[PDB]
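Before any questions on binding or motion, here is one chain by itself as structure tokens, the form deposited in one PDB entry.
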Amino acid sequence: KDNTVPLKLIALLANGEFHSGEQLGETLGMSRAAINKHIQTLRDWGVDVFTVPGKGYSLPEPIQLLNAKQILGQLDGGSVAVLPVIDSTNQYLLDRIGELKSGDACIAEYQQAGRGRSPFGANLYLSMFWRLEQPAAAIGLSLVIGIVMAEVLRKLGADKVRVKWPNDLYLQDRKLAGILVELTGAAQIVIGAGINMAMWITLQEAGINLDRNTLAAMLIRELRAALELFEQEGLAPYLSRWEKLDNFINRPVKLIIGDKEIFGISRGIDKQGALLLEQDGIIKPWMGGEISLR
């Protein structure tokens, strides 16, 4: 589907100023009526577009937009698809499985059909593909994903970001991002993450205003590095990193595996990513479940 116009559209409105269809139509080369039409779409996307008869149209606040140019600008190789508007980042790659290479990617700020459980540009969506030579992963994998993501965020300045075994990023004990892995029966995986940029906790909301093009870029970079590191040394190289980032480490949690709630103190992960729950002076690992403050 061709979504160009509204994007071009959104692009003008970007500068959080006022814009009249007359104004607009000029530049776009179309009926104000045409414009009204597209304006509606942005609206459909959850875009915030105000309309003052006398005034014209505008956005409540300037916004930043993905820009492949910028993104690919700071990137050395690998295919990367920038689709501000899309069904789902994961699906997109899932769909192209035979045409990819580990590292190929896809970036969006709007998902019209996200997999795994949100207004345009309020979030950042990233998905990557990787072919693991040897399920020499899974749980390892998700771990590495949150490490890095949390690392990068930090570099750009969000220092209190933390990881939550085994797949979310946390900020002030709130969820900020979410990883999603998908295997395909050499393993073929599709990694996908969503971050809360703006508006249960958002970068904005926490005074952090990162340049999305940058973030986008860093992650891709950093990710491919991480993944190749992992591909040949597994978890080991990250053990210490996990620990420093662990949000719950040493805190009292409540683990929910299927139908049972289990309480205990978190003591991080083992060399395999299993969480280590200490109950009644005993420490044992857990390979699954859902962690939670308590």
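Residue numbers here begin at 1 and follow the sequence given. Only the largest set of C-alpha atoms that superpose within 1.5 Å between the two forms is called the rigid core.
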How many residues that are in the deposited sequence but not in the model lie between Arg117 and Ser118: none, 1 to 3, 4 to 9, or 10 or more?
4 to 9
Length class of the unmodelled deposited segment, which would lie between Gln134 and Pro135
1 to 3
Mean Cα B factor from the PDB record: higher for 72 to 80, or higher for 216 to 224?
72 to 80
Which has higher Cα B-factors on average according to the PDB entry: 24 to 32 or 230 to 238?
24 to 32
Maximum C-alpha temperature factor, selected from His38, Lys260, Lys254, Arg251
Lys260
Third of chain Cα B-factors occupied by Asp159
highest
Ordered by C-alpha B-factor within the chain, which third holds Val49? Give me lowest, middle or highest, please.
highest
Once the chain's modelled residues are ordered by C-alpha B factor and cut into thirds, is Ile86 in the lowest, middle or highest one?
middle
Chain-relative CA temperature factor third for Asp246:
lowest
Of the three thirds of the chain ranked by Cα temperature factor, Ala11 occupies the middle
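From this point on, the text means the form deposited in another entry, which you will not see here.
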If I align on the rigid core, exactly one of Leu245, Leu227, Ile269, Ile39 should have its C-alpha move by 2 Å or more between this form and the one not shown; which residue is that?
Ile39
